[PDB]
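**Q**
In full-length UniProt numbering, the protein residues as written are 40 to 70, 76 to 113, 120 to 324, 331 to 630, 657 to 817, 829 to 1113.
This is how it looks when you write it as structure tokens:
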């Protein structure tokens, strides 16, 4: 059997035969013989004498595999590693290394001998290879030392002492041009990141700094530079606390920006339609720093350098800064949005550059801004659209043409419904002309997406184009079933046409879609059975929209579709099959939409769907969050099918159940899965996602989501987790200025309490007791954003409790301190909302606070008034300014309604009227309308002289209300994000009271109201 492969190893004239004999011979070792001494001593002899190194190593590896199953071996190798003869040392170390590579358990008995050996051989003056092998061995030694129950303090100290030597080996390998061993040493430093700190000592920041010096050194070979960039990226994922402690964020960012500024192959960039350059890895480093660190450490340095780089004579620096921003936004979208006053002009400057690489860089930046800040970018369509079209018309490179189309796509998709209509017809004609001219399927795919995005924005305004578009696009979805002979891009073009035709079905509704429903639906049911994961994905996306369009009429298709979806969700995902991951995401969304659009006919599928999804939560690689989200979607469907109307639940702790036993059982199922995926959960994205789902369901259906029958086990578990997140002590945080991801975790943790306060009302006070001091403390954070979240959350909690809140005076006095002393205008703005509410709910004497609070509210008004003077150029400030006007006026109206005779009206009413109508936060109209009803009913002198301004304000309000009603009827199905916020009236009752008021006012002032066209329409 095997011992012949050893004979071949020693003896062939062909060295490549001895080598591959050994490569196979190792494989054989596991699967007896009296004389096994012959094969050891033969191998040891060959390992140290063969002429070529590859044949030496081959014998060495066989010795080791033998080594697992000889008390003299390790002692003899430790002796050989200290031989006077450098080649004998090297081959012994290699064999020791191969032994460590077998993970034999008894190697743990030699930690000290290995530490003492390697402290020596790491600096072997005669063989760089021996130093590199010593570094490589140390990885196994550190792992061995961390298997002790308590890490030996002496091992850690010795091992830490070796770290500077490894750095020397690295410099040695770079100096000597030995890039094979440079790579291996970088693997060693990467392994240091994972180590317990007592093994690595204080070093890690210094390893980062040393890696940065290599990365920016253009004299170093590029592949070594990528290793270095990659190491720092890896340190962001595993050791960000050390990066923060050294405050290296800005140095990392600036180093990466310099590498990305190096020139690149321009013609490749402009034509290649497809990660290992220094320039590309540098962008990935920026991208990861933006996700990992607070924006002061990454985005702020970038925006500081935007002026000088964007004007540089070096086009690669103009290109570099735009691409830097393009990769900043995903990790720091809020900070990026706040810098739009600088960033948008910069993208416009970039589009006007003479160099195409800079123009492409600007386009990539815009695509990235649209993806993350959707409608916020589309507001600038008036500058962008002319520029982007001109680039499409005059493009000389395919990659510019693609990204121009894709930028146009992202803008058009989120254009305001009113504005798209001015563009819709000229746009429609241009995109179909483009579609004809271009024959590349990569380019056609991007044009089809832009067309569908027109439909999405236009809603019912798309009807004139619906039949021509489908006629045309039906050409790209022939022979769906036949995938043999199609390129990946041909598949994408087919898939995108299915997706965007179904999006047109969302724009025009079921009646206008009636012509094509059957052929298109049949075509999509072909897609689902096909062997393209991309094509199946587009089938499910098509079905998801059909569910929105046809509601319960789509139920006859359930028997057919669900079996396909279950099959899609159960597929093996492995070398992670990205196409299957996308398909599963969309199939889960299809299942959710079908469940919410079938109602009673999705009752046979509820239990099987929960079992399939629960299996994915437990076992899937990237579908956990979505699988769990879909489970709550199934619950939402079951609760709606039981005619629990959204927001109509009984408040307070439920002593039993307001839901029938079948529904409660479905709820409890998902409630258990939710809490098991937050308890001890290490991924913050998973925690964020669970908290978001729980808040949403609590908001819609009440406390029955978290508790029933007086048993608060899960409620207390939830609050425990949330409280821990607020304190920074949850498993997902314990692997300052916070990253935005970290800020989201805070926001959604606070929002659990917000939702519970509205669920519980008075009942919440006992739950709130533990979190209340922490939230009051977060209101004082050195971080402005944390203060903004906390003050905002306390105010919503106050709204949740209302007049059943036992802490009004404590909370009132805390928000008054924020209102009075906080340096941030936006924090003071958020506080003024909470202050008015607490006064509205208070039942004790507040006469002592009215005068100081009014003074502070007026100062806040004055700082916002000054900012309002220079903001034709900065919408982030304009939103804060406008929200301050709404909140302060709302709070003042609340104060007057609560205690009119403590507020001197003579100056307050005019200050109120000067900030009406509002531009945002229309919910604050509610106290103001009630105030106007009271002042006019008492014929108050102050408002009576102000009747023109008051009827003028309602003229704006009612015009806005009519636009809102029209926008709602025209819009594309399923765009109900902003529904509550666009409303001018919080209730039909307050709306009708206002109409009667305008009726009276028309009886006085000799028909002042009728004179106005808008109100004449409402008054009659």
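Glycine included, every Cβ here is placed at the ideal spot set by N, Cα and C.
1) Pair every Cβ in the stretch 551 to 560 with every Cβ in the stretch 504 to 523, then say whether three or more of these pairs are closer than 8 Å.
2) Quick check on residue 132: buried or exposed, where buried means 16 or more other Cβ atoms within 10 Å of its Cβ?
3) If you compare alpha carbons, which of 581, 1012, 765 and 161 is closest to residue 1050?
4) Taking the C-alpha atoms as reference points, what is the distance between residue 667 and residue 107?
5) Can you check DSSP and say which residues form a bridge with residue 76?
6) Could you give the first and the last residue of the continuous alpha helix (DSSP H) run that contains residue 466?
7) What is the DSSP secondary structure of residue 790, counted as helix, strand or coil?
8) Sort 615, 628, 1039 and 917 by Cα distance to residue 701 and report the nearest one.
9) Thinking just about the alpha-carbon of each residue, which of 270, 170, 224 and 87 is nearest to the one in residue 129?
10) Might you give, ordered along the chain, the residues of its own chain that have their beta carbon closer than 6 Å to the beta carbon of residue 695, omitting 5 neighbours on each side?
11) By Cβ distance, which residues of its chain are closer than 7 Å to residue 283, with the 5 residues on each side in sequence left out?
12) I'd like to check one pair, residue 858 with residue 808: are the Cβ atoms closer than 9 Å?
13) Considering just the uninterrupted stretch of the alpha helix (DSSP H) at residue 863, what are its terminal residues?
14) Between 208, 52 and 1000, which lies nearest to residue 95 when the distance is taken from Cα to Cα?
15) Rounded to whole angstroms, what is the Cα-Cα separation between residue 615 and residue 534?
16) For the alpha helix (DSSP H) containing residue 758, list its first residue and its last residue.
17) If distances are taken between C-alpha atoms only, which option among 784, 608, 352 and 551 comes closest to residue 587?
18) By the three-class DSSP mapping on this structure, what secondary structure does residue 495 have?
19) Where does residue 1032 land, buried or exposed, given buried means 16+ other C-beta within 10 angstroms?
20) Give every residue of the same chain whose Cβ lies closer than 8 Å to the Cβ of residue 1063, excluding the five residues on either side of it in the sequence, and list them in chain order.
21) Rounded to whole angstroms, what is the Cα-Cα separation between residue 1042 and residue 1035?
22) Residue 786 to residue 910, Cα distance in whole Å?
23) State the Cα-Cα distance for the pair residue 989 and residue 1004, rounded to the nearest angstrom.
24) How about residue 572 and residue 617: are their beta carbons less than 9 Å apart?
25) Quick one: grab the DSSP three-state call for residue 984.
26) Using alpha carbons as the reference points, say which of 241, 43, 99 and 285 lies closest to residue 80.
27) Would you kindly work out how many angstroms separate the C-alpha atoms of residue 749 and residue 620, rounded to a whole number?
28) Would you tell me roughly how many angstroms separate the C-alpha atoms of residue 382 and residue 427, rounded to the nearest one?
29) Helix, strand or coil: which one does DSSP assign to residue 992?
30) If we ignore side chains and look at the alpha-carbon of each, how far apart do residue 996 and residue 943 end up?
31) Leaving out the 5 sequence neighbours to the left and right, which residues in its chain are closer than 7 Å to residue 589 when beta-carbon positions are compared?
32) Mind checking residue 1136: buried by the 16 CB within 10 Å criterion, or exposed?
33) Identify whether residue 111 lies in helix, strand or coil by the three-state DSSP scheme.
34) Threshold first: 4 residues or longer. Then list the alpha helix (DSSP H) segments lying entirely within the stretch 1038 to 1100, N to C.
35) Rounding to the nearest angstrom, what Cα-Cα distance links residue 678 and residue 671 in this structure?
**A** If we stick to the structure as given:
1) With the cut-off at 8 Å, the stretch 551 to 560 and the stretch 504 to 523 touch.
2) Its Cβ having fewer than 16 others within 10 Å, residue 132 is exposed.
3) Each of 581, 1012, 765 and 161 was checked against the Cα of residue 1050, and the nearest Cα belongs to 1012.
4) Each residue's Cα considered, the two are about 49 Å apart.
5) Partner(s): none; residue 76 has no beta bridge.
6) It spans 454 to 469 - the alpha helix (DSSP H) in which residue 466 sits, taken as one unbroken run.
7) The DSSP-derived three-state label of residue 790 is strand.
8) Among 615, 628, 1039 and 917, the Cα nearest to that of residue 701 belongs to 628.
9) Here the closest residue by C-alpha is 170.
10) Around residue 695, the same chain offers 709, 712 and 713 as residues with beta carbons nearer than 6 Å, after the five sequence neighbours per side are excluded.
11) The residues are 340, 341 and 344.
12) In this structure, residue 808 lies away from residue 858, with their beta-carbon atoms at least 9 Å apart.
13) If you look at residue 863, you'll find it in the alpha helix (DSSP H) that goes 858 to 871.
14) Restricting attention to 208, 52 and 1000, the CA atom closest to the CA of residue 95 is found in 52.
15) Between residue 615 and residue 534, the alpha-carbon positions lie close to 26 Å from each other.
16) Per DSSP, residue 758 belongs to the alpha helix (DSSP H) from 743 to 758.
17) Considering only alpha carbons, the answer is 551.
18) If DSSP states are grouped into helix, strand and coil, residue 495 belongs with coil.
19) Counting Cβ neighbours within 10 Å, residue 1032 comes out exposed, since fewer than 16 surround it.
20) Cβ neighbours of residue 1063 within its own chain (closer than 8 Å, five residues either side excluded): 473, 515, 516 and 517.
21) The alpha-carbon atoms of residue 1042 and residue 1035 are separated by roughly 12 Å.
22) Their backbone Cα atoms lie some 36 Å apart in a straight line.
23) In a straight line, the C-alpha of residue 989 is about 13 Å away from that of residue 1004.
24) At a Cβ-Cβ threshold of 9 Å, residue 572 and residue 617 do not count as neighbours.
25) DSSP places residue 984 in helix when its eight states are reduced to three.
26) The residue with the shortest Cα to Cα distance from residue 80 is 43.
27) Near 26 Å, if we compare the C-alpha coordinates of residue 620 and residue 749.
28) Those two C-alpha atoms are separated by around 10 Å.
29) Here residue 992 carries a coil assignment [DSSP, helix/strand/coil].
30) Residue 996 and residue 943 have their C-alpha atoms some 8 Å from each other.
31) The residues 661, 662 and 665, in chain order, have a CB closer than 7 Å to that of residue 589 in the same chain once the five nearest residues on each side in sequence are set aside.
32) It is not possible to answer for residue 1136, since the shown part of the chain is limited to 40 through 1113.
33) Helix at residue 111.
34) Taking 4 residues as the minimum length, the alpha helix (DSSP H) runs contained wholly in the stretch 1038 to 1100 are 1040 to 1063, 1072 to 1075 and 1081 to 1096, in order along the chain.
35) Going by the C-alpha atoms only, they are around 11 Å apart.
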